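Peer 1: Have a look at this one before I ask anything.
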Amino acid sequence: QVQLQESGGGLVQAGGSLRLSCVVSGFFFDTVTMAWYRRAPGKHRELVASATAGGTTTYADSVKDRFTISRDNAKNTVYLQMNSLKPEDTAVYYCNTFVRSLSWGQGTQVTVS
Amino acid sequence: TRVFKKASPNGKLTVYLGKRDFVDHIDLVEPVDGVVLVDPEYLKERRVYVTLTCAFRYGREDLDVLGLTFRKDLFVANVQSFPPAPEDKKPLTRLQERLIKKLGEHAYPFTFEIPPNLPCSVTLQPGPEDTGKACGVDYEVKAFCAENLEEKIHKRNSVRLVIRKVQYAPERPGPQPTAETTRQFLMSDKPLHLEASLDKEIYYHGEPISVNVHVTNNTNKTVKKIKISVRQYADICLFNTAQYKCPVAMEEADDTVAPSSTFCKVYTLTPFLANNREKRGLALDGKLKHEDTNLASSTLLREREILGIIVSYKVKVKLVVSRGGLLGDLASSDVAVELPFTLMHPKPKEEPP
Amino acid sequence: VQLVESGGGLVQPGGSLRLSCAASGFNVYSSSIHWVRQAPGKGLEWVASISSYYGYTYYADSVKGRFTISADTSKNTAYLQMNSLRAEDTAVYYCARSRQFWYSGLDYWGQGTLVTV
Amino acid sequence: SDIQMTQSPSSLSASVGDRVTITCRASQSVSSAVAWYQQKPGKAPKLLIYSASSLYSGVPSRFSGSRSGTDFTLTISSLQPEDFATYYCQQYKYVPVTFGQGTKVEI
Amino acid sequence: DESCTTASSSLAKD
């Protein structure tokens with residue numbers, strides 16, 4: 001079985017902040033990537049990811065300079081900090097990775113007014 | 001539209017293909033285009049291979065392990081997707097550039113060309129006590145990560161994907177399969193003339209076959225029984241060449257033709273699977289995993305000799321004739337005729353299976 | 001090309017009916033035949049399916065053990081034996097056909113027969 | 001267990017010329033196995049769409065199908081006077097095949 | 001010591 005759960009995320013006002021996290025379930029998480037994707041309303045599903053263990057801070061440059069993308073070992077989770085959130089930042093965020101090519105959860109969801 | 005994906009157990013590799021069914025035309029093959037996503041966070045090995053393997057899978061007769069097979073290769077082609085090969089310079093398909101647009105720079109295209117005159121995907125029906133792998137001819141795409149080409153590939157560091165080579169019925173129907181035979185007996189002066197024909201040349205799987213039968217009995221004898229049979233002929237040329245004739249459907253009408261009279265009747269036969277699960281060796285269309293598949297489509301050849309398993313069908317019409325008289329039971333009294341025809345799937349007007 | 005149902009009417013609870021579905025213009029070994037019922041004012045519920053080509057039968061959970069679907073391929077006709085009928089089984093029983101190679105929806109339907117229990 | 005085919009809305013009203021969108025979400029993943037049927041009252045069902053988006057032969061071109069993940073959309077671009085009926089979805093990737101409750105479109 | 005099943009992902013239109 002594979003449990004995945006994006007955690008948090010909801011109503012947010014512009015110029016504020018967020019925090020998200022998700023835990024993989026089952027795998028021996030020794031050597032790994034975290035191939036996060038994220039969606040958009042009625043769109044192709046696209047990549048924003050980083051953070052294997054050992055110093056990986058990588059981005060698709062739409063969302064650089066703002067996201068403390070950060071993994072974890074003992075909890076077996078990996079986080080997402082957000083700042084000053086854009087009408088393009090409003091989306092449906094997944095936490096996939098092609099370790100088992102995880103069928104995703106349901107995605108948290110935000111709003112900018 | 002959609003695409004297929006499959007990941008390795010350890011996640012380092014994810015093979016992408018556009019479709020599983022590849023249409024085999026007369027001489028050209030459709031290209032095998034796809035991409036391989038290699039995650040650079042884990043790549044260091046500096047060489048990723050993808051391998052196309054055409055293998056003959058069979059079970060060993062001396063081993064009592066159900067499903068235990070060995071694969072004899074018939075065609076192997078390799079492409080080094082990462083880094084880009086210094087020699088190989090190939091154009092990308094529109095599908096491929098879309099895949100690159102989706103995944104990003106970490107997606108490396110690969111394109112394999114299957115040469116003509118190779119066997120199509122055929123699965124031999126397993127026996128009652130085998131539940132494992134399926135024997136016959138199958139394709140496999142294996143993409144893996146290694147230091148060089150000699151090393152034995154660990155299965156967790158790999159991904160295999162079954163694909164099928166299929167054929168469809170020709171657009172223009174061929175000439176009507178007809179056959180006649182003339183038996184002149186030694187001690188008899190009038191001959192026995194048997195005529196049979198099919199309504200057309202191309203049939204679909206599960207479609208009725210109409211056998212126009214014309215018997216001209218100018219003899220003194222009487223036709224006692226009419227045996228109709230659809231037999232699938234399979235020629236397997238690998239080490240040696242073998243052949244067998246296996247009846248897959250039949251009806252024996254006891255219709256009798258009296259002397260000095262004519263006969264005309266329409267017989268209808270349908271070859272099907274439901275009454276054939278107990279047989280061994282029957283040819284079936286390639287399986288993806290272990291799901292049931294229909295009777296093997298007719299093999300289309302190119303005029304040379306082709307490796308693998310070549311399938312064909314003929315209709316046999318057999319008259320059982322009475323004996324006695326001068327020569328007793330020494331001389332056989334059977335009369336046969338054979339009628340080749342084409343059994344294939346119609347061209348998909350919309351979407352693949 | 002025509003599908004025709006038969007053998008409907010009123011029956012007291014606990015009675016039986018036998019449905020016939022005469023097919024014509026197409027075959028039985030290249031088509032799979034299905035029965036789909038519709039309760040008065042309710043939705044569609046699949047109950048039975050037969051693939052003569054593969055010799056397999058499929059049933060809805062509500063009819064397992066009570067309904068038995070068969071086919072006379074020589075007469076191009078399917079049959080559905082229905083025992084232990086209850087009042088909730090009252091519906092219009094449709095005969096439908098699908099392409100065996102391969103399933104592309106139920107493309108021909110009969111006018112249906114009324115069964116009141 | 002049984003695949004649940006949540007079809008929504010159960011009923012909707014629109015005028016001649018409106019673009020009608022009938023969604024139907026499957027409780028679990030169904031690949032391309034979606035059909036759309038047209039049944040008129042007292043009449044037998046008519047096949048409209050097969051293999052999620054492939055328009056069946058002889059069916060007017062105003063009908064089209066789409067798939068976004070496990071969501072499926074039946075669109076009637078230019079609503080014609082005879083397209084008022086009950087529309088059913090169908091999954092057919094897993095046995096047993098189960099149908100949706102239906103969406104009755106009325107003027 | 002295992003293998004994932006063959007799944008099916010998205011591809012945008014153009």
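Here, A, B, ... name the chains of the structure tokens in the order displayed, residue numbers run from 1 inside each chain, and ligands are numbered from 1 in the same displayed order.
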Can you list, as an MDAnalysis selection string, every protein, DNA or RNA residue that comes within 6 Å of segment 75-92 of chain D when you count only C-alpha atoms, leaving out same-chain residues fewer than 3 positions away?
Peer 2: chainID D and resid 16:17 19:21 33:40 62:64 97 99:100 102:106
Peer 1: As a PDB file with N, CA, C and O atoms, in the first residue's frame, please: the residues near residue 68 of chain D (cut-off 10 Å, only C-alpha atoms, same-chain neighbours under 6 positions excluded).
Peer 2:
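Saved to out.pdb:
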```pdb
ATOM      1  N   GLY A  42      -7.233  22.984 -14.855  1.00  0.00           N
ATOM      2  CA  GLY A  42      -7.420  22.547 -16.220  1.00  0.00           C
ATOM      3  C   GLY A  42      -6.147  22.671 -17.024  1.00  0.00           C
ATOM      4  O   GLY A  42      -6.124  23.381 -18.033  1.00  0.00           O
ATOM      5  N   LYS A  43      -5.076  22.009 -16.590  1.00  0.00           N
ATOM      6  CA  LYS A  43      -3.817  22.161 -17.295  1.00  0.00           C
ATOM      7  C   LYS A  43      -3.015  20.877 -17.185  1.00  0.00           C
ATOM      8  O   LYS A  43      -3.256  20.032 -16.321  1.00  0.00           O
ATOM      9  N   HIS A  44      -2.118  20.725 -18.149  1.00  0.00           N
ATOM     10  CA  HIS A  44      -0.918  19.914 -18.076  1.00  0.00           C
ATOM     11  C   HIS A  44      -0.245  19.994 -16.708  1.00  0.00           C
ATOM     12  O   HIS A  44      -0.138  21.068 -16.115  1.00  0.00           O
TER      13      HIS A  44
ATOM     14  N   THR B   1      -4.469  13.656 -25.115  1.00  0.00           N
ATOM     15  CA  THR B   1      -4.247  12.221 -25.234  1.00  0.00           C
ATOM     16  C   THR B   1      -3.479  11.666 -24.044  1.00  0.00           C
ATOM     17  O   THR B   1      -3.089  12.412 -23.154  1.00  0.00           O
TER      18      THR B   1
ATOM     19  N   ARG D  25     -17.674  11.521 -12.414  1.00  0.00           N
ATOM     20  CA  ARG D  25     -16.398  11.204 -11.796  1.00  0.00           C
ATOM     21  C   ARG D  25     -16.428   9.792 -11.259  1.00  0.00           C
ATOM     22  O   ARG D  25     -17.358   9.412 -10.545  1.00  0.00           O
TER      23      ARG D  25
ATOM     24  N   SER E  10      -0.531  11.596 -18.183  1.00  0.00           N
ATOM     25  CA  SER E  10      -1.037  12.654 -19.017  1.00  0.00           C
ATOM     26  C   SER E  10      -0.099  13.041 -20.146  1.00  0.00           C
ATOM     27  O   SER E  10       1.064  12.659 -20.153  1.00  0.00           O
TER      28      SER E  10
END
```
Peer 1: From the options D:43, D:107, D:101, D:59, which residue's atoms come nearest to residue 45 of chain C, counting only C-alpha atoms?
Peer 2: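 For residue 45 of chain C, the nearest of the candidates is D:101.
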Peer 1: Per residue of segment 7-76 of chain D within 10 Å of segment 87-97 of chain C, which atom pair is closest and at what distance in Å (one decimal), using only C-alpha atoms, listed by chain and increasing number, as a tab-separated table?
Peer 2:
```
residue	atom	partner	partner_atom	distance
D:42	CA	C:92	CA	10.0
D:44	CA	C:94	CA	7.9
D:45	CA	C:96	CA	9.3
```
Peer 1: Please produce a file of the residues just selected, as a CSV table (one decimal), in the first residue's frame, where the atoms kept are C-alpha atoms.
Peer 2:
```csv
chain,number,residue,atom,x,y,z
D,42,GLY,CA,-39.9,4.7,-23.7
D,44,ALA,CA,-34.0,2.1,-26.3
D,45,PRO,CA,-30.6,3.6,-25.4
```
Peer 1: Give as number ranges by chain every residue of chain E that touches chain D within 10 Å, counting only C-alpha atoms.
Peer 2: E: 7-10
Peer 1: Can you write out the residues you just picked, keeping N, CA, C and O atoms, as an mmCIF file, in the first residue's frame?
Peer 2:
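The new file part19.cif reads:
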```cif
data_model
loop_
_atom_site.group_PDB
_atom_site.id
_atom_site.type_symbol
_atom_site.label_atom_id
_atom_site.label_comp_id
_atom_site.auth_asym_id
_atom_site.auth_seq_id
_atom_site.Cartn_x
_atom_site.Cartn_y
_atom_site.Cartn_z
ATOM 1 N N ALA E 7 1.376 1.841 -15.503
ATOM 2 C CA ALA E 7 0.339 2.831 -15.293
ATOM 3 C C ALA E 7 0.097 3.635 -16.552
ATOM 4 O O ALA E 7 0.294 3.137 -17.656
ATOM 5 N N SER E 8 -0.288 4.893 -16.378
ATOM 6 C CA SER E 8 -0.747 5.719 -17.482
ATOM 7 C C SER E 8 -0.830 7.203 -17.207
ATOM 8 O O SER E 8 -1.744 7.628 -16.521
ATOM 9 N N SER E 9 0.082 8.004 -17.745
ATOM 10 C CA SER E 9 0.027 9.432 -17.435
ATOM 11 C C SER E 9 -0.501 10.321 -18.528
ATOM 12 O O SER E 9 -0.836 9.888 -19.622
ATOM 13 N N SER E 10 -0.531 11.596 -18.183
ATOM 14 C CA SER E 10 -1.037 12.654 -19.017
ATOM 15 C C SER E 10 -0.099 13.041 -20.146
ATOM 16 O O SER E 10 1.064 12.659 -20.153
#
```
Peer 1: Please identify which residues in chain D DSSP calls strand (DSSP E) from the backbone, and express them as a VMD selection string.
Peer 2: chain D and resid 5 to 8 11 to 13 20 to 26 34 to 39 46 to 50 54 to 55 63 to 68 71 to 76 86 to 91 98 to 99 103 to 106
Peer 1: Pull N, CA and C atoms from the residues just selected and write them as a short mmCIF file (atom, residue, chain, number, x, y, z; two decimals), in the first residue's frame.
Peer 2:
```cif
data_model
loop_
_atom_site.label_atom_id
_atom_site.label_comp_id
_atom_site.auth_asym_id
_atom_site.auth_seq_id
_atom_site.Cartn_x
_atom_site.Cartn_y
_atom_site.Cartn_z
N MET D 5 -19.91 5.36 -9.88
CA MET D 5 -19.88 6.37 -10.94
C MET D 5 -20.74 7.56 -10.55
N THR D 6 -20.17 8.45 -9.76
CA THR D 6 -20.88 9.65 -9.35
C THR D 6 -21.09 10.58 -10.54
N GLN D 7 -22.32 10.73 -10.99
CA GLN D 7 -22.63 11.55 -12.16
C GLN D 7 -23.28 12.83 -11.67
N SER D 8 -22.84 13.96 -12.20
CA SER D 8 -23.44 15.19 -11.71
C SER D 8 -23.53 16.20 -12.84
N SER D 11 -29.85 16.46 -12.76
CA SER D 11 -30.76 17.05 -13.72
C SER D 11 -30.31 18.48 -13.94
N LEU D 12 -30.57 18.98 -15.14
CA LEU D 12 -30.21 20.36 -15.46
C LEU D 12 -31.14 20.86 -16.55
N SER D 13 -31.34 22.17 -16.55
CA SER D 13 -32.17 22.83 -17.53
C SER D 13 -31.33 23.82 -18.31
N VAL D 20 -23.84 22.48 -22.92
CA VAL D 20 -24.20 21.68 -21.77
C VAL D 20 -22.99 20.84 -21.41
N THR D 21 -22.66 20.81 -20.12
CA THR D 21 -21.54 20.05 -19.63
C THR D 21 -22.03 19.07 -18.57
N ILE D 22 -21.93 17.79 -18.87
CA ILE D 22 -22.33 16.74 -17.95
C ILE D 22 -21.08 16.01 -17.49
N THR D 23 -20.74 16.15 -16.22
CA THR D 23 -19.57 15.50 -15.65
C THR D 23 -19.96 14.20 -14.97
N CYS D 24 -18.96 13.34 -14.82
CA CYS D 24 -19.19 12.03 -14.23
C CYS D 24 -17.82 11.60 -13.73
N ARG D 25 -17.67 11.52 -12.41
CA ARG D 25 -16.40 11.20 -11.80
C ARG D 25 -16.43 9.79 -11.26
N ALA D 26 -15.40 9.04 -11.58
CA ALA D 26 -15.30 7.67 -11.12
C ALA D 26 -14.59 7.60 -9.78
N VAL D 34 -14.91 4.83 -21.03
CA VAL D 34 -16.11 5.59 -20.70
C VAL D 34 -17.00 5.66 -21.92
N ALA D 35 -18.29 5.39 -21.73
CA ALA D 35 -19.28 5.53 -22.78
C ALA D 35 -20.35 6.50 -22.34
N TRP D 36 -20.96 7.16 -23.31
CA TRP D 36 -22.10 8.04 -23.09
C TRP D 36 -23.29 7.54 -23.89
N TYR D 37 -24.44 7.40 -23.25
CA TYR D 37 -25.63 6.90 -23.92
C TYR D 37 -26.76 7.91 -23.92
N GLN D 38 -27.57 7.84 -24.96
CA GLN D 38 -28.77 8.65 -25.05
C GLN D 38 -29.96 7.72 -25.04
N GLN D 39 -30.85 7.92 -24.09
CA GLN D 39 -32.08 7.17 -23.97
C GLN D 39 -33.26 8.12 -23.98
N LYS D 46 -29.27 4.85 -27.04
CA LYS D 46 -28.43 5.07 -28.21
C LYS D 46 -27.00 5.35 -27.78
N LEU D 47 -26.05 4.67 -28.40
CA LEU D 47 -24.64 4.91 -28.15
C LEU D 47 -24.23 6.29 -28.65
N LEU D 48 -23.53 7.08 -27.83
CA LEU D 48 -23.08 8.39 -28.29
C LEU D 48 -21.56 8.50 -28.37
N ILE D 49 -20.84 8.14 -27.32
CA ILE D 49 -19.40 8.28 -27.29
C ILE D 49 -18.83 6.94 -26.84
N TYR D 50 -17.71 6.53 -27.40
CA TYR D 50 -17.01 5.38 -26.86
C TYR D 50 -15.54 5.72 -26.76
N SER D 54 -13.92 9.23 -28.42
CA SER D 54 -14.17 8.87 -29.82
C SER D 54 -15.65 8.90 -30.17
N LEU D 55 -16.02 9.79 -31.08
CA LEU D 55 -17.41 9.91 -31.51
C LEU D 55 -17.79 8.69 -32.34
N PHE D 63 -21.59 16.40 -30.55
CA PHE D 63 -21.20 15.61 -29.39
C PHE D 63 -19.71 15.32 -29.37
N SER D 64 -19.07 15.62 -28.24
CA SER D 64 -17.66 15.32 -28.03
C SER D 64 -17.43 14.92 -26.59
N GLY D 65 -16.39 14.13 -26.38
CA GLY D 65 -16.04 13.63 -25.06
C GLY D 65 -14.63 14.05 -24.68
N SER D 66 -14.41 14.23 -23.38
CA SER D 66 -13.10 14.64 -22.89
C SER D 66 -12.82 13.91 -21.59
N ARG D 67 -11.53 13.79 -21.28
CA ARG D 67 -11.08 13.16 -20.05
C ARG D 67 -9.98 13.98 -19.41
N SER D 68 -10.19 14.34 -18.15
CA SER D 68 -9.15 14.93 -17.32
C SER D 68 -9.02 14.04 -16.09
N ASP D 71 -12.02 12.46 -14.30
CA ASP D 71 -13.17 13.28 -14.65
C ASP D 71 -13.44 13.19 -16.14
N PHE D 72 -14.70 13.07 -16.49
CA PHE D 72 -15.14 12.93 -17.86
C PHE D 72 -16.26 13.90 -18.14
N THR D 73 -16.23 14.49 -19.32
CA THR D 73 -17.14 15.56 -19.67
C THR D 73 -17.81 15.21 -20.98
N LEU D 74 -19.13 15.29 -21.00
CA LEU D 74 -19.93 15.18 -22.21
C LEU D 74 -20.41 16.56 -22.58
N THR D 75 -19.98 17.04 -23.72
CA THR D 75 -20.34 18.37 -24.19
C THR D 75 -21.22 18.30 -25.42
N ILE D 76 -22.30 19.07 -25.41
CA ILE D 76 -23.14 19.26 -26.57
C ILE D 76 -22.93 20.72 -26.93
N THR D 86 -32.30 11.49 -21.24
CA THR D 86 -31.50 11.14 -20.08
C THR D 86 -30.19 10.57 -20.60
N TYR D 87 -29.08 11.04 -20.05
CA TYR D 87 -27.75 10.64 -20.50
C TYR D 87 -27.06 9.85 -19.40
N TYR D 88 -26.49 8.71 -19.75
CA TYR D 88 -25.82 7.85 -18.79
C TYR D 88 -24.35 7.71 -19.10
N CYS D 89 -23.53 7.72 -18.05
CA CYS D 89 -22.15 7.30 -18.21
C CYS D 89 -21.99 5.82 -17.90
N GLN D 90 -20.81 5.29 -18.24
CA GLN D 90 -20.51 3.88 -18.06
C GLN D 90 -19.01 3.66 -17.95
N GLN D 91 -18.57 2.96 -16.91
CA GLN D 91 -17.19 2.51 -16.87
C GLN D 91 -17.16 1.08 -17.37
N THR D 98 -20.71 -0.82 -14.44
CA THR D 98 -21.74 -0.15 -13.67
C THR D 98 -22.08 1.16 -14.34
N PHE D 99 -23.34 1.57 -14.29
CA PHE D 99 -23.71 2.78 -14.99
C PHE D 99 -24.03 3.88 -13.99
N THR D 103 -28.45 11.78 -16.26
CA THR D 103 -28.71 13.21 -16.22
C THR D 103 -29.78 13.51 -17.26
N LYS D 104 -30.95 13.89 -16.80
CA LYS D 104 -32.07 14.26 -17.66
C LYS D 104 -31.96 15.73 -18.05
N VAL D 105 -31.85 16.01 -19.34
CA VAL D 105 -31.80 17.39 -19.80
C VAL D 105 -33.17 17.75 -20.35
N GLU D 106 -33.71 18.87 -19.89
CA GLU D 106 -35.02 19.34 -20.28
C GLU D 106 -34.94 20.80 -20.70
#
```
Peer 1: Considering only C-alpha atoms, extract the chain E residues located within 8 Å of chain A and return them as a list in words.
Peer 2: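 Therefore, the residues near the partner are residues 4, 10, 11 and 12 of chain E.
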Peer 1: The selected residues should be written to file as a PDB file, in the first residue's frame (atoms: C-alpha atoms).
Peer 2:
```
ATOM      1  CA  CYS E   4       5.543  -1.654 -10.209  1.00  0.00           C
ATOM      2  CA  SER E  10      -1.037  12.654 -19.017  1.00  0.00           C
ATOM      3  CA  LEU E  11       0.077  14.414 -22.213  1.00  0.00           C
ATOM      4  CA  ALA E  12      -1.156  17.874 -23.207  1.00  0.00           C
TER       5      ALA E  12
END
```
Peer 1: At a cut-off of 10 Å, can you tabulate as a Markdown table every residue of chain C near chain B together with its closest atom pair and the distance in Å to one decimal, using only C-alpha atoms and ordering rows by chain then number?
Peer 2:
```
| residue | atom | partner | partner_atom | distance |
| --- | --- | --- | --- | --- |
| C:26 | CA | B:207 | CA | 8.9 |
| C:27 | CA | B:207 | CA | 7.2 |
| C:28 | CA | B:206 | CA | 8.3 |
| C:29 | CA | B:206 | CA | 5.3 |
| C:30 | CA | B:206 | CA | 4.6 |
| C:31 | CA | B:206 | CA | 8.4 |
| C:51 | CA | B:274 | CA | 8.8 |
| C:52 | CA | B:274 | CA | 6.8 |
| C:53 | CA | B:274 | CA | 5.4 |
| C:54 | CA | B:274 | CA | 4.2 |
| C:55 | CA | B:274 | CA | 4.5 |
| C:56 | CA | B:274 | CA | 7.9 |
| C:74 | CA | B:268 | CA | 9.8 |
| C:100 | CA | B:206 | CA | 8.6 |
| C:101 | CA | B:205 | CA | 8.1 |
| C:102 | CA | B:353 | CA | 7.1 |
| C:103 | CA | B:353 | CA | 8.9 |
| C:104 | CA | B:353 | CA | 9.8 |
```
